[PDB]
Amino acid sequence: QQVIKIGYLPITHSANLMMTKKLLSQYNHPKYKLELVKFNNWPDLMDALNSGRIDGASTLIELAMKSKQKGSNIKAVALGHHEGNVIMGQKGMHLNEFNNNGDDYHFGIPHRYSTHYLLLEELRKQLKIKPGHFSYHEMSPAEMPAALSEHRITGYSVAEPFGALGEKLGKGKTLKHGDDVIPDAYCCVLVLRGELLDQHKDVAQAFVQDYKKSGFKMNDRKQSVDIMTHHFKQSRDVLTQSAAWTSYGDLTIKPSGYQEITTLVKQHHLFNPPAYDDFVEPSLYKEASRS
């Protein structure tokens, strides 16, 4: 039976894929096989997606949009989650520390095309700090705690559990949750390569359907923690904190939410974003039953 390979990073934004996998194991005869392929950074994951070594992936929405603007055959079918993003600073730092008086502040981000960059820029404006006084440095999420503890950066923005890990692993302080900066900003989405939708629609629909059911199971916090402790190289305390600030449920990619990201990408001249109908294929998730 048809194997679907889906790529991910071990962050809460991809945890609904783990739940989907667990649910699929409960059928006597599942309609497809789900292979979850792990990556440590975003560029490696996108290369596997673009070369077809994986059939889909949970990925940064801006990164996927840029790839789409560059001719990618992918389509976003659902959100991976709601919230679950943080902005970390060095130990004992206060938001009032930031000013226009001295040297520039250095922030780690997972990729230049990320909601993390947008969150930080919005926080910069809310703090009335001049443009260019925050400098951004791309790095893998797992590398951020060490970069922070060893003062190569002032702070960072990333999906949990990499903020909670910063607090545990040495010295990091949670300055802000994404929620406090841009309420319900979309971050990661489940994207599928176009051929799955065109050529294996029954399998694609079955997969999104299991994914949809899983999304609602994940509202129960005990479950989201249990799913993650199983799959991720993190302790239960780090993952309880991580799960507490992430939500799932209705994972529809809504036009309004998508439009917010396009506005922000356009506003920072990142790239010209693709229209909703060219990037998003919301039929699979809408037709899938909640039950």
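The first residue of the shown sequence is 1; numbering continues from there.
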Checklist line | Between the two ranges 198-206 and 109-117, the one averaging a larger CA B factor in the entry | finding: 198-206
Notebook entry, point to check: Averaged over C-alpha atoms, is the B-factor higher for 14-22 or for 267-275 in this PDB entry?
Noted result: 267-275
Check: Can you tell me which of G89, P131, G84, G163 has the highest Cα temperature factor in the record?
Finding: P131
Next item on the list: In terms of CA temperature factor as recorded, identify the highest of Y258, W245, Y32, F39.
Entry: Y32
Check: Relative to the other modelled residues in the chain, which third contains the C-alpha temperature factor of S51: lowest, middle or highest?
Finding: middle
Next item on the list: Could you say whether, by C-alpha temperature factor, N99 belongs to the lowest, middle or highest third of its chain?
Entry: highest
Note to self: What third of the chain does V191 rank in for C-alpha temperature factor, lowest, middle or highest?
What the structure shows: lowest
Note to self: Where does the C-alpha B-factor of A76 rank in its chain, lowest, middle or highest third?
What the structure shows: lowest
Item checked: Assigned third (lowest, middle, highest) for the C-alpha B factor of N219 -> highest
